[PDB]
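A closer look at the structure
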Amino acid sequence: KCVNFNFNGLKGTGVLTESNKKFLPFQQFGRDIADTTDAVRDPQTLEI
Amino acid sequence: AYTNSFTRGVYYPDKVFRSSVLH
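The name the PDB entry gives chain A is Spike glycoprotein, with Severe acute respiratory syndrome coronavirus 2 as the organism.

Another point: the pattern of salt bridges. Close ionic contact of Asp38(A) with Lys21(A) constitutes a salt bridge, the shortest N to O distance being 3.3 Å. With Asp38(A) in strand β4 (residues 37–40) and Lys21(A) in the loop between β2 (10–14) and β3 (29–31), this pair connects stretches of sequence that are 17 residues apart. The salt bridge involving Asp14(B) is made with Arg18(B); its shortest N-O contact spans 3.5 Å.

Let us now look at the interface of chain B and chain A. When the parts of a complex come together, some accessible area is lost, and that lost area is often used as the size of the interface. In this assembly, six residues from chain B lie in contact with eleven residues from chain A. Here the residues of the side of chain B that touches chain A are counted per class, giving four nonpolar, no polar and two charged. Bridge count between β3(A) and strand β1 (residues 16–17) of chain B: two bridges; the pairing is parallel. Opposite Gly30(A), over in β1(B), you have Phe17(B) as the bridge partner.

This part covers unusual backbone geometry. For residues besides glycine, phi is generally negative; the peptide bonds are generally trans as well. All names here are of chain A. Unusually for a residue other than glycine, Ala34 sits at a positive phi of about 65°. Tracing the sequence through the fold places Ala34 in the loop between β3 and β4. Not every positive phi belongs to a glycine, and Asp35 is a case in point at roughly 60°. With respect to the helices, strands and loops of the structure, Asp35 is situated in the loop between β3 and β4.

What counts, and at which threshold
- Residues numbered from 1 in each chain as written, not as in the entry; some residues may be left out.
- Chains lettered and ligands numbered in written order.
- Part of a larger assembly, values for the part shown.
- Heavy atoms only, no water.
- Residues with missing side-chain atoms left out of burial classes, pairs and counts.
- Salt bridge = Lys/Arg side-chain N within 4 Å of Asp/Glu carboxyl O.
- Helix = DSSP H or I, 4+ residues; strand = E, 2+ residues; numbered from the N terminus.
- Contact = heavy atoms within 4.5 Å.
- Nonpolar A, V, L, I, M, F, W, Y, C, P; charged D, E, K, R; others polar.
- Pairing = 2+ DSSP bridges.

Structure, rendered in structure tokens:
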């Protein structure tokens, strides 16, 4: 559901969904083309 | 005592996933 998210200061608004992209263990963000934040991991429970 | 590194040495520079997009 559309919801404000504040991931350790990473502030944004959007619909968060169960991710299906494979972040390698050294990756904590996700960028699409034109640098749009497409996926994020939780700094607390480590969920993509 | 010298030899060339053909293309070795590159690495993932910044830990922000990108799929199928030339960075």
